[PDB]
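Text of start06.cif, listed as mmCIF, C-alpha atoms and all ligand atoms:
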data_query
#
loop_
_atom_site.label_atom_id
_atom_site.label_comp_id
_atom_site.auth_asym_id
_atom_site.auth_seq_id
_atom_site.Cartn_x
_atom_site.Cartn_y
_atom_site.Cartn_z
CA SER V 57 8.70 11.69 -14.03
CA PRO V 58 9.36 10.59 -10.44
CA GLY V 59 5.56 10.75 -9.99
CA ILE V 60 4.34 9.06 -13.18
CA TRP V 61 2.60 5.69 -13.04
CA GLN V 62 0.82 3.57 -15.65
CA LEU V 63 -2.14 1.29 -15.02
CA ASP V 64 -2.20 -2.09 -16.71
CA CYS V 65 -4.90 -4.75 -16.58
CA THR V 66 -4.10 -8.35 -17.57
CA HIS V 67 -6.08 -11.62 -17.28
CA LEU V 68 -5.28 -15.03 -15.77
CA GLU V 69 -7.38 -17.96 -14.45
CA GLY V 70 -10.64 -16.15 -15.26
CA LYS V 71 -9.50 -13.31 -13.01
CA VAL V 72 -8.09 -9.87 -13.53
CA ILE V 73 -4.70 -8.66 -12.35
CA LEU V 74 -4.50 -4.91 -11.98
CA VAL V 75 -0.97 -3.54 -12.09
CA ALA V 76 0.48 -0.11 -11.48
CA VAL V 77 3.92 0.45 -12.99
CA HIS V 78 6.18 3.28 -11.96
CA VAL V 79 7.25 4.22 -15.46
CA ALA V 80 10.79 5.45 -14.74
CA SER V 81 11.85 2.42 -12.61
CA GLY V 82 9.68 -0.55 -13.64
CA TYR V 83 8.61 -0.97 -9.99
CA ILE V 84 5.11 -2.42 -9.69
CA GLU V 85 2.25 -2.96 -7.30
CA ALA V 86 -0.49 -5.42 -8.28
CA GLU V 87 -3.70 -6.96 -7.06
CA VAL V 88 -6.10 -9.64 -8.19
CA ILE V 89 -9.72 -8.51 -8.60
CA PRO V 90 -12.76 -10.41 -10.01
CA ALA V 91 -13.24 -7.83 -12.76
CA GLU V 92 -11.94 -4.34 -13.67
CA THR V 93 -14.58 -1.90 -12.45
CA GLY V 94 -14.24 1.81 -11.71
CA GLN V 95 -14.77 0.95 -8.04
CA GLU V 96 -11.87 -1.53 -7.94
CA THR V 97 -9.60 0.78 -9.89
CA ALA V 98 -10.41 3.76 -7.66
CA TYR V 99 -9.65 1.78 -4.50
CA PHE V 100 -6.39 0.44 -6.00
CA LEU V 101 -5.26 3.97 -6.88
CA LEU V 102 -6.08 5.22 -3.40
CA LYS V 103 -3.92 2.44 -1.91
CA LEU V 104 -1.09 3.19 -4.32
CA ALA V 105 -1.12 6.93 -3.73
CA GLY V 106 -0.99 6.44 0.04
CA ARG V 107 2.17 4.38 -0.35
CA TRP V 108 4.13 6.24 -3.06
CA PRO V 109 3.99 9.83 -4.36
CA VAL V 110 1.66 9.34 -7.28
CA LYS V 111 1.40 12.57 -9.28
CA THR V 112 0.20 11.37 -12.64
CA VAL V 113 -1.53 8.16 -13.68
CA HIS V 114 -1.87 7.02 -17.26
CA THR V 115 -5.12 5.09 -17.11
CA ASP V 116 -5.31 1.74 -18.85
CA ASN V 117 -8.48 2.28 -20.85
CA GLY V 118 -11.26 4.73 -21.57
CA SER V 119 -13.76 3.18 -19.17
CA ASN V 120 -11.48 3.86 -16.22
CA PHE V 121 -10.57 7.27 -17.63
CA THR V 122 -14.28 8.15 -17.79
CA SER V 123 -15.29 6.54 -14.48
CA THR V 124 -16.64 9.10 -12.03
CA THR V 125 -15.44 6.90 -9.16
CA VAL V 126 -11.90 6.82 -10.57
CA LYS V 127 -12.06 10.59 -11.10
CA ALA V 128 -13.19 11.03 -7.47
CA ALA V 129 -10.31 8.93 -6.17
CA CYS V 130 -7.83 10.84 -8.29
CA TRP V 131 -9.24 14.13 -7.04
CA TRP V 132 -9.09 12.89 -3.45
CA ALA V 133 -5.48 11.65 -3.74
CA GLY V 134 -4.17 14.61 -5.78
CA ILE V 135 -3.52 12.51 -8.88
CA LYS V 136 -3.62 13.94 -12.38
CA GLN V 137 -5.51 11.40 -14.40
CA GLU V 138 -4.25 11.07 -17.98
CA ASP V 139 -5.08 8.85 -20.90
CA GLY V 140 -2.68 5.92 -21.45
CA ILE V 141 -2.49 6.45 -25.20
CA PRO V 142 1.05 5.34 -26.18
CA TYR V 143 2.15 8.36 -28.27
CA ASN V 144 5.56 6.68 -27.99
CA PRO V 145 4.81 3.05 -28.95
CA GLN V 146 7.53 1.85 -26.54
CA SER V 147 4.49 1.35 -24.30
CA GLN V 148 2.13 -1.03 -26.14
CA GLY V 149 5.15 -3.32 -26.28
CA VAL V 150 6.88 -2.53 -22.97
CA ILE V 151 3.54 -3.26 -21.26
CA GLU V 152 2.99 -6.44 -23.24
CA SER V 153 6.46 -7.57 -22.24
CA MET V 154 5.75 -6.85 -18.56
CA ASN V 155 2.49 -8.82 -18.66
CA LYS V 156 4.27 -11.76 -20.28
CA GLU V 157 7.14 -11.50 -17.78
CA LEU V 158 4.73 -11.33 -14.82
CA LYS V 159 2.73 -14.28 -16.07
CA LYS V 160 5.99 -16.21 -16.46
CA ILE V 161 6.96 -15.50 -12.85
CA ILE V 162 3.43 -16.35 -11.70
CA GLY V 163 3.72 -19.75 -13.41
CA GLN V 164 7.12 -20.30 -11.74
CA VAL V 165 5.60 -19.79 -8.26
CA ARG V 166 2.02 -20.86 -8.92
CA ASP V 167 2.45 -24.28 -7.32
CA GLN V 168 3.69 -22.75 -4.04
CA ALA V 169 0.40 -20.94 -3.44
CA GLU V 170 -3.13 -22.24 -3.11
CA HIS V 171 -4.53 -18.90 -4.31
CA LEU V 172 -3.70 -16.81 -7.35
CA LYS V 173 -3.52 -13.63 -5.30
CA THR V 174 -0.60 -15.10 -3.33
CA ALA V 175 1.23 -16.10 -6.54
CA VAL V 176 0.69 -12.59 -7.87
CA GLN V 177 2.21 -11.05 -4.74
CA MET V 178 5.12 -13.49 -5.00
CA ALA V 179 5.56 -12.26 -8.57
CA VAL V 180 5.48 -8.63 -7.44
CA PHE V 181 8.20 -9.48 -4.93
CA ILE V 182 10.42 -11.24 -7.44
CA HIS V 183 9.87 -8.57 -10.05
CA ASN V 184 10.76 -5.65 -7.75
CA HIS V 185 13.82 -7.37 -6.23
CA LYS V 186 15.25 -8.68 -9.52
CA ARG V 187 18.66 -7.25 -10.29
CA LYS V 188 18.95 -6.39 -13.99
CA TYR V 194 20.02 -2.31 -9.97
CA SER V 195 16.52 -3.59 -9.11
CA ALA V 196 13.26 -1.81 -9.78
CA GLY V 197 12.85 -1.33 -6.01
CA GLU V 198 16.25 0.30 -5.90
CA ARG V 199 15.52 2.51 -8.91
CA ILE V 200 12.22 3.86 -7.60
CA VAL V 201 13.69 4.74 -4.19
CA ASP V 202 16.74 6.44 -5.82
CA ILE V 203 14.53 8.38 -8.26
CA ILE V 204 12.20 9.65 -5.55
CA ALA V 205 14.98 10.45 -3.05
CA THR V 206 16.75 12.50 -5.70
CA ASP V 207 13.47 14.34 -6.46
CA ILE V 208 12.81 14.99 -2.74
CA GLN V 209 16.23 16.64 -2.27
CA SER Y 57 17.32 -0.25 10.81
CA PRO Y 58 16.36 0.69 7.25
CA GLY Y 59 14.78 -2.80 7.08
CA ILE Y 60 12.97 -2.99 10.42
CA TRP Y 61 9.18 -3.03 10.56
CA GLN Y 62 6.69 -3.57 13.38
CA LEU Y 63 3.30 -5.21 13.08
CA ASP Y 64 0.37 -3.68 14.92
CA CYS Y 65 -3.22 -4.91 15.09
CA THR Y 66 -6.01 -2.55 16.18
CA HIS Y 67 -9.83 -2.89 16.19
CA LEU Y 68 -12.63 -0.72 14.77
CA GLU Y 69 -16.27 -1.34 13.74
CA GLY Y 70 -16.04 -5.03 14.69
CA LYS Y 71 -13.17 -5.36 12.24
CA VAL Y 72 -9.44 -5.62 12.51
CA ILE Y 73 -6.93 -3.19 11.03
CA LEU Y 74 -3.52 -4.70 10.50
CA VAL Y 75 -0.72 -2.14 10.29
CA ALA Y 76 2.95 -2.41 9.42
CA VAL Y 77 5.08 0.48 10.66
CA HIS Y 78 8.53 1.19 9.34
CA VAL Y 79 10.10 1.89 12.70
CA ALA Y 80 12.72 4.44 11.68
CA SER Y 81 10.33 6.67 9.62
CA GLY Y 82 6.80 6.10 10.93
CA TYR Y 83 5.67 5.18 7.40
CA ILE Y 84 2.79 2.68 7.41
CA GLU Y 85 0.87 0.27 5.27
CA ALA Y 86 -2.46 -1.04 6.55
CA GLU Y 87 -5.35 -3.29 5.63
CA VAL Y 88 -8.73 -4.18 7.04
CA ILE Y 89 -9.29 -7.91 7.65
CA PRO Y 90 -12.23 -9.71 9.36
CA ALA Y 91 -9.94 -11.16 12.01
CA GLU Y 92 -6.18 -11.52 12.68
CA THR Y 93 -5.25 -15.02 11.55
CA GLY Y 94 -1.84 -16.40 10.62
CA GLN Y 95 -3.08 -16.67 7.05
CA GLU Y 96 -4.05 -12.97 6.84
CA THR Y 97 -0.84 -11.88 8.53
CA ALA Y 98 1.30 -14.03 6.24
CA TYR Y 99 -0.36 -12.61 3.11
CA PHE Y 100 0.00 -9.04 4.44
CA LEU Y 101 3.72 -9.57 5.07
CA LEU Y 102 4.22 -11.01 1.61
CA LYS Y 103 2.59 -7.90 0.11
CA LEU Y 104 4.69 -5.60 2.26
CA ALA Y 105 7.98 -7.33 1.51
CA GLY Y 106 7.32 -7.15 -2.23
CA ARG Y 107 6.92 -3.39 -1.99
CA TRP Y 108 9.63 -2.35 0.51
CA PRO Y 109 12.88 -4.03 1.63
CA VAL Y 110 11.61 -5.78 4.74
CA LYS Y 111 14.55 -7.36 6.61
CA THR Y 112 13.16 -7.74 10.09
CA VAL Y 113 9.61 -7.82 11.38
CA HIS Y 114 8.69 -7.44 15.03
CA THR Y 115 5.52 -9.49 15.22
CA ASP Y 116 2.56 -8.07 17.11
CA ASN Y 117 1.79 -11.07 19.31
CA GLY Y 118 2.80 -14.62 20.10
CA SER Y 119 0.13 -16.27 17.96
CA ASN Y 120 1.55 -14.65 14.83
CA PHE Y 121 5.09 -15.31 16.03
CA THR Y 122 4.25 -19.00 16.40
CA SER Y 123 2.12 -19.33 13.24
CA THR Y 124 3.61 -21.79 10.80
CA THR Y 125 1.98 -19.86 7.94
CA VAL Y 126 3.58 -16.61 9.10
CA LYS Y 127 6.92 -18.41 9.48
CA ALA Y 128 6.55 -19.78 5.92
CA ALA Y 129 5.86 -16.32 4.51
CA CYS Y 130 8.82 -14.88 6.37
CA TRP Y 131 11.04 -17.67 5.07
CA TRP Y 132 9.74 -17.13 1.54
CA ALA Y 133 10.25 -13.34 1.63
CA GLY Y 134 13.64 -13.40 3.42
CA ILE Y 135 12.26 -11.75 6.56
CA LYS Y 136 13.75 -12.30 9.99
CA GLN Y 137 10.79 -12.78 12.26
CA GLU Y 138 11.30 -11.34 15.75
CA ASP Y 139 9.17 -10.94 18.83
CA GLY Y 140 7.67 -7.46 19.33
CA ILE Y 141 8.51 -7.36 23.03
CA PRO Y 142 9.15 -3.68 23.90
CA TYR Y 143 12.50 -3.94 25.73
CA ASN Y 144 12.54 -0.15 25.25
CA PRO Y 145 9.13 0.59 26.88
CA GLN Y 146 8.44 3.84 24.98
CA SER Y 147 7.23 1.31 22.37
CA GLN Y 148 3.86 0.11 23.78
CA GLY Y 149 3.08 3.83 24.03
CA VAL Y 150 4.40 4.85 20.60
CA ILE Y 151 2.13 2.11 19.10
CA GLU Y 152 -0.81 3.16 21.30
CA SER Y 153 -0.31 6.72 20.06
CA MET Y 154 -0.24 5.62 16.41
CA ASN Y 155 -3.44 3.59 16.82
CA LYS Y 156 -5.17 6.57 18.44
CA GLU Y 157 -3.84 8.91 15.75
CA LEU Y 158 -4.95 6.54 12.95
CA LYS Y 159 -8.38 6.13 14.45
CA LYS Y 160 -8.66 9.92 14.70
CA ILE Y 161 -7.85 10.31 11.01
CA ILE Y 162 -10.26 7.49 10.15
CA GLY Y 163 -13.03 9.34 11.99
CA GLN Y 164 -12.14 12.54 10.10
CA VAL Y 165 -12.60 10.81 6.72
CA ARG Y 166 -15.10 8.12 7.69
CA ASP Y 167 -18.06 9.99 6.22
CA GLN Y 168 -16.39 10.24 2.79
CA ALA Y 169 -16.28 6.47 2.34
CA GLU Y 170 -19.03 3.88 2.31
CA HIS Y 171 -16.58 1.19 3.45
CA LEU Y 172 -14.13 1.14 6.33
CA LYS Y 173 -11.36 -0.21 4.15
CA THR Y 174 -11.52 2.96 2.04
CA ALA Y 175 -11.37 5.18 5.15
CA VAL Y 176 -8.38 3.19 6.36
CA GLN Y 177 -6.55 3.72 3.07
CA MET Y 178 -7.42 7.43 3.22
CA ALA Y 179 -5.87 7.43 6.70
CA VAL Y 180 -2.74 5.68 5.41
CA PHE Y 181 -2.48 8.39 2.75
CA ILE Y 182 -2.89 11.28 5.19
CA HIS Y 183 -0.55 9.70 7.70
CA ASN Y 184 2.28 9.09 5.23
CA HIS Y 185 1.99 12.51 3.56
CA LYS Y 186 1.70 14.54 6.79
CA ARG Y 187 4.55 16.98 7.26
CA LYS Y 188 5.68 16.96 10.90
CA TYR Y 194 9.49 15.97 6.64
CA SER Y 195 6.77 13.37 6.08
CA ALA Y 196 6.97 9.69 6.91
CA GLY Y 197 6.95 8.96 3.16
CA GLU Y 198 9.92 11.27 2.73
CA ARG Y 199 11.77 9.73 5.67
CA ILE Y 200 11.41 6.13 4.53
CA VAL Y 201 12.61 6.91 1.00
CA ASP Y 202 15.60 8.94 2.33
CA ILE Y 203 16.52 6.21 4.82
CA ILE Y 204 16.43 3.44 2.23
CA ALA Y 205 18.20 5.45 -0.50
CA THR Y 206 21.00 6.25 1.93
CA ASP Y 207 21.25 2.52 2.84
CA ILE Y 208 21.28 1.33 -0.80
CA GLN Y 209 24.07 3.73 -1.69
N1 LIG S 1 -0.20 -25.17 -1.92
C1 LIG S 1 0.71 -25.01 -0.76
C2 LIG S 1 0.05 -24.66 0.55
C3 LIG S 1 0.89 -23.63 1.30
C4 LIG S 1 1.22 -23.94 2.76
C5 LIG S 1 1.81 -22.70 3.35
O1 LIG S 1 1.94 -22.48 4.55
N2 LIG S 1 2.14 -21.93 2.30
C6 LIG S 1 2.66 -20.63 2.41
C7 LIG S 1 3.67 -20.37 1.33
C8 LIG S 1 3.68 -18.91 1.35
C9 LIG S 1 4.64 -18.09 0.85
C10 LIG S 1 4.52 -16.74 0.95
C11 LIG S 1 3.40 -16.24 1.54
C12 LIG S 1 2.42 -17.06 2.04
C13 LIG S 1 2.56 -18.41 1.93
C14 LIG S 1 1.66 -19.48 2.42
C15 LIG S 1 0.39 -19.73 1.66
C16 LIG S 1 -0.63 -18.68 1.86
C17 LIG S 1 -0.59 -17.87 2.96
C18 LIG S 1 -1.52 -16.89 3.17
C19 LIG S 1 -2.50 -16.75 2.24
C20 LIG S 1 -2.57 -17.53 1.14
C21 LIG S 1 -1.64 -18.52 0.93
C22 LIG S 1 -1.75 -19.36 -0.28
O2 LIG S 1 -1.49 -20.56 -0.14
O3 LIG S 1 -2.09 -18.85 -1.33
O4 LIG S 1 -3.61 -17.19 0.35
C23 LIG S 1 -3.94 -15.98 0.95
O5 LIG S 1 -3.45 -15.86 2.26
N1 LIG S 2 -21.86 10.58 -5.98
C1 LIG S 2 -22.08 9.14 -6.26
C2 LIG S 2 -21.15 8.21 -5.49
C3 LIG S 2 -20.04 8.92 -4.75
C4 LIG S 2 -19.15 7.90 -4.08
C5 LIG S 2 -17.73 8.09 -4.53
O1 LIG S 2 -17.42 8.16 -5.72
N2 LIG S 2 -16.87 8.17 -3.46
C6 LIG S 2 -15.45 8.13 -3.69
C7 LIG S 2 -14.69 8.96 -2.68
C8 LIG S 2 -13.36 8.31 -2.76
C9 LIG S 2 -12.16 8.84 -2.36
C10 LIG S 2 -11.01 8.09 -2.52
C11 LIG S 2 -11.10 6.83 -3.08
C12 LIG S 2 -12.31 6.31 -3.47
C13 LIG S 2 -13.45 7.07 -3.31
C14 LIG S 2 -14.85 6.72 -3.69
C15 LIG S 2 -15.57 5.73 -2.79
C16 LIG S 2 -15.10 4.30 -2.95
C17 LIG S 2 -14.43 3.89 -4.09
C18 LIG S 2 -13.99 2.59 -4.25
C19 LIG S 2 -14.24 1.71 -3.23
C20 LIG S 2 -14.90 2.09 -2.11
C21 LIG S 2 -15.35 3.38 -1.94
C22 LIG S 2 -16.07 3.73 -0.68
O2 LIG S 2 -17.05 4.51 -0.78
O3 LIG S 2 -15.66 3.22 0.39
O4 LIG S 2 -15.05 1.06 -1.22
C23 LIG S 2 -14.14 0.12 -1.80
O5 LIG S 2 -13.88 0.39 -3.18
#

Any chance you could give the structure as structure tokens?
Amino acid sequence: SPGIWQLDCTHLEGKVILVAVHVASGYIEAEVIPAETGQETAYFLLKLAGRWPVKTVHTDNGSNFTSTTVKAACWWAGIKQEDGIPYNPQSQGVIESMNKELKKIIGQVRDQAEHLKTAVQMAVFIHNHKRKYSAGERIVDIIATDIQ
Amino acid sequence: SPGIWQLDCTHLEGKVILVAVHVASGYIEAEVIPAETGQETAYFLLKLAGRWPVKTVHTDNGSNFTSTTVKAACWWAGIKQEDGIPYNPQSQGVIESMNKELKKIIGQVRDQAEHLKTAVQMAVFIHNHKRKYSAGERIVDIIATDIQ
């Protein structure tokens, strides 16, 4: 569980926001892309796995699960690719809630940024720093504990 | 010192690789950009600060130090912007060594990627996972200790 992430794709302003959530902490990384292709997803996962110890990824849909490019990236980065089928429905809803929460934050900052990508990164910042401990704190504590 | 990062800009294939190094661990994040502008640097810092607790940034040159856009991003993200003047001279060399080491790794993977950006993210991955403990391990341990 320190190494488990979930992909999530949501839409805003005719664009796609691709999100990776560290399941145990709620910590996220996100990017804006024109559309969700295997290529974009593969590149995003490579970035993520270089930055955090990504062991398992629950893919967001069957197209990405099937994608040979995504499979190649997962092989390259040592990621076990899994389906994102919510066998525990606290996952349809927990994801929905995150997308709504992120879009809320994006709207709160949207006027401060010319470009959506900037607003999205502002939202990532606010989300990961928000004391509820913060998600940023939780992920670091979880991984440090695992390491030792 | 858990919050201190250093910017570093290096060149390859007519492109620019912008690197942020967490000084205490050697952990890096990096991106390829067409050229090093205040706008690109500001966006890069926003991304970084959303993902790790960036307190202080030693900027890579005076243009970025001066940039009103970089200053705005640093204000937004709660980053103290500092000059990157190596008052402890082992620093120009430690950066030079990192750039040479990253370019070496990039050359070792370059053939596996159509695009330089992919090779750069492969290099980030290899760099942060390399046992020497790894840089990824060191940054997490340093921050977890600080938090607690
Ligand atoms: N509408 C207000 C105009 C902003 C003037 C100004 O300096 N803003 C800061 C605020 C702020 C706050 C955090 C980070 C960057 C920025 C800058 C914006 C910016 C910079 C770089 C970018 C951007 C944009 C963007 O504006 O999206 O896009 C991709 O690279
Ligand atoms: N056999 C038919 C095609 C094989 C190609 C193939 O799947 N390579 C993997 C290897 C590999 C290893 C790690 C991550 C991605 C990739 C993929 C490459 C790739 C994917 C997405 C991208 C890229 C590139 C790129 O090539 O730079 O650029 C920006 O977004």

Env. residues ligand LIG 2 (chain S) / 9 Å / all atoms listed in the file / as a PyMOL selection string
(chain V and resi 94-103+124-133) or (chain Y and resi 166-175+177-178)

Counting all atoms listed in the file, which residues of chain Y fall within 9 Å of chain V, and what is the closest atom pair for each with its distance in Å at one decimal, ordered by chain and rising number, as a tab-separated table?
residue	atom	partner	partner_atom	distance
Y:83	CA	V:107	CA	8.5
Y:84	CA	V:107	CA	8.0
Y:85	CA	V:107	CA	7.1
Y:99	CA	V:174	CA	6.9
Y:102	CA	V:177	CA	6.7
Y:103	CA	V:177	CA	5.8
Y:104	CA	V:181	CA	8.9
Y:105	CA	V:181	CA	6.8
Y:106	CA	V:181	CA	3.7
Y:107	CA	V:181	CA	6.9
Y:108	CA	V:197	CA	7.3
Y:109	CA	V:197	CA	8.1
Y:132	CA	V:178	CA	8.8
Y:133	CA	V:181	CA	7.9
Y:174	CA	V:99	CA	6.9
Y:177	CA	V:103	CA	5.8
Y:178	CA	V:102	CA	7.1
Y:179	CA	V:106	CA	8.3
Y:180	CA	V:106	CA	5.7
Y:181	CA	V:106	CA	3.7
Y:182	CA	V:106	CA	7.3
Y:183	CA	V:106	CA	8.3
Y:184	CA	V:106	CA	6.7
Y:185	CA	V:106	CA	7.6
Y:197	CA	V:108	CA	7.4
Y:198	CA	V:208	CA	7.2
Y:201	CA	V:201	CA	5.7
Y:202	CA	V:205	CA	5.6
Y:204	CA	V:201	CA	7.1
Y:205	CA	V:202	CA	5.6
Y:206	CA	V:202	CA	8.8
Y:208	CA	V:198	CA	7.2
Y:209	CA	V:202	CA	8.8

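For the choices V:165, V:65, V:77, V:113, the atom-to-atom distance to ligand LIG 1 (chain S) is smallest for V:165 when using all atoms listed in the file.
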
Would you list the residues near (0.0, 5.7, 18.3), meaning any protein, DNA or RNA residue with an atom at most 12 Å from that point in file coordinates, counting all atoms listed in the file, as a PDB file with C-alpha atoms, in the coordinates of the input?
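selection_2.pdb, freshly written:
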ATOM      1  CA  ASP Y  64       0.370  -3.680  14.920  1.00  0.00           C
ATOM      2  CA  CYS Y  65      -3.220  -4.910  15.090  1.00  0.00           C
ATOM      3  CA  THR Y  66      -6.010  -2.550  16.180  1.00  0.00           C
ATOM      4  CA  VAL Y  75      -0.720  -2.140  10.290  1.00  0.00           C
ATOM      5  CA  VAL Y  77       5.080   0.480  10.660  1.00  0.00           C
ATOM      6  CA  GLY Y  82       6.800   6.100  10.930  1.00  0.00           C
ATOM      7  CA  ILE Y  84       2.790   2.680   7.410  1.00  0.00           C
ATOM      8  CA  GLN Y 146       8.440   3.840  24.980  1.00  0.00           C
ATOM      9  CA  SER Y 147       7.230   1.310  22.370  1.00  0.00           C
ATOM     10  CA  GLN Y 148       3.860   0.110  23.780  1.00  0.00           C
ATOM     11  CA  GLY Y 149       3.080   3.830  24.030  1.00  0.00           C
ATOM     12  CA  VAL Y 150       4.400   4.850  20.600  1.00  0.00           C
ATOM     13  CA  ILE Y 151       2.130   2.110  19.100  1.00  0.00           C
ATOM     14  CA  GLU Y 152      -0.810   3.160  21.300  1.00  0.00           C
ATOM     15  CA  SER Y 153      -0.310   6.720  20.060  1.00  0.00           C
ATOM     16  CA  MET Y 154      -0.240   5.620  16.410  1.00  0.00           C
ATOM     17  CA  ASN Y 155      -3.440   3.590  16.820  1.00  0.00           C
ATOM     18  CA  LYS Y 156      -5.170   6.570  18.440  1.00  0.00           C
ATOM     19  CA  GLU Y 157      -3.840   8.910  15.750  1.00  0.00           C
ATOM     20  CA  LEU Y 158      -4.950   6.540  12.950  1.00  0.00           C
ATOM     21  CA  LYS Y 159      -8.380   6.130  14.450  1.00  0.00           C
ATOM     22  CA  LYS Y 160      -8.660   9.920  14.700  1.00  0.00           C
ATOM     23  CA  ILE Y 161      -7.850  10.310  11.010  1.00  0.00           C
ATOM     24  CA  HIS Y 183      -0.550   9.700   7.700  1.00  0.00           C
TER      25      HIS Y 183
END

Emit as JSON the padded axis-aligned box for all listed atoms of range 64-70 of chain V, 6 Å per side, with centre and edge lengths in Å to one decimal.
{"center_x": -6.4, "center_y": -10.0, "center_z": -16.0, "size_x": 20.4, "size_y": 27.9, "size_z": 15.1}

Kindly add N, CA and C atoms to the incomplete range 97-114 of chain Y and provide the output as a short mmCIF file (atom, residue, chain, number, x, y, z; two decimals), in the coordinates of the input.
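rebuild-v9.cif, written as the output of this step:
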data_model
loop_
_atom_site.label_atom_id
_atom_site.label_comp_id
_atom_site.auth_asym_id
_atom_site.auth_seq_id
_atom_site.Cartn_x
_atom_site.Cartn_y
_atom_site.Cartn_z
N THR Y 97 -2.08 -12.55 8.19
CA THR Y 97 -0.84 -11.88 8.53
C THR Y 97 0.25 -12.26 7.53
N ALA Y 98 0.31 -13.53 7.18
CA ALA Y 98 1.30 -14.03 6.24
C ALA Y 98 1.16 -13.36 4.88
N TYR Y 99 -0.08 -13.27 4.39
CA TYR Y 99 -0.36 -12.61 3.11
C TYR Y 99 0.01 -11.12 3.14
N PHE Y 100 -0.34 -10.45 4.23
CA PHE Y 100 0.00 -9.04 4.44
C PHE Y 100 1.51 -8.81 4.40
N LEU Y 101 2.26 -9.67 5.09
CA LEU Y 101 3.72 -9.57 5.07
C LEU Y 101 4.32 -9.82 3.70
N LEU Y 102 3.77 -10.78 2.97
CA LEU Y 102 4.22 -11.01 1.61
C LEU Y 102 4.03 -9.76 0.75
N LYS Y 103 2.86 -9.13 0.84
CA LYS Y 103 2.59 -7.90 0.11
C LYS Y 103 3.61 -6.82 0.47
N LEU Y 104 3.81 -6.65 1.77
CA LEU Y 104 4.69 -5.60 2.26
C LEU Y 104 6.10 -5.80 1.74
N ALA Y 105 6.59 -7.03 1.85
CA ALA Y 105 7.98 -7.33 1.51
C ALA Y 105 8.23 -7.25 0.02
N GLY Y 106 7.18 -7.37 -0.79
CA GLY Y 106 7.32 -7.15 -2.23
C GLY Y 106 7.45 -5.69 -2.61
N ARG Y 107 7.05 -4.80 -1.71
CA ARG Y 107 6.92 -3.39 -1.99
C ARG Y 107 8.01 -2.55 -1.35
N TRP Y 108 8.54 -3.01 -0.22
CA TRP Y 108 9.63 -2.35 0.51
C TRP Y 108 10.62 -3.42 0.97
N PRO Y 109 11.88 -3.03 1.22
CA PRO Y 109 12.88 -4.03 1.63
C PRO Y 109 12.78 -4.41 3.10
N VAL Y 110 11.94 -5.39 3.39
CA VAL Y 110 11.61 -5.78 4.74
C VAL Y 110 12.62 -6.84 5.18
N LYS Y 111 13.50 -6.46 6.10
CA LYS Y 111 14.55 -7.36 6.61
C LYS Y 111 14.13 -8.04 7.89
N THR Y 112 13.54 -7.26 8.78
CA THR Y 112 13.16 -7.74 10.09
C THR Y 112 11.76 -7.27 10.41
N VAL Y 113 10.94 -8.17 10.94
CA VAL Y 113 9.61 -7.82 11.38
C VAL Y 113 9.45 -8.18 12.85
N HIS Y 114 9.07 -7.19 13.66
CA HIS Y 114 8.69 -7.44 15.03
C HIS Y 114 7.21 -7.75 15.00
#
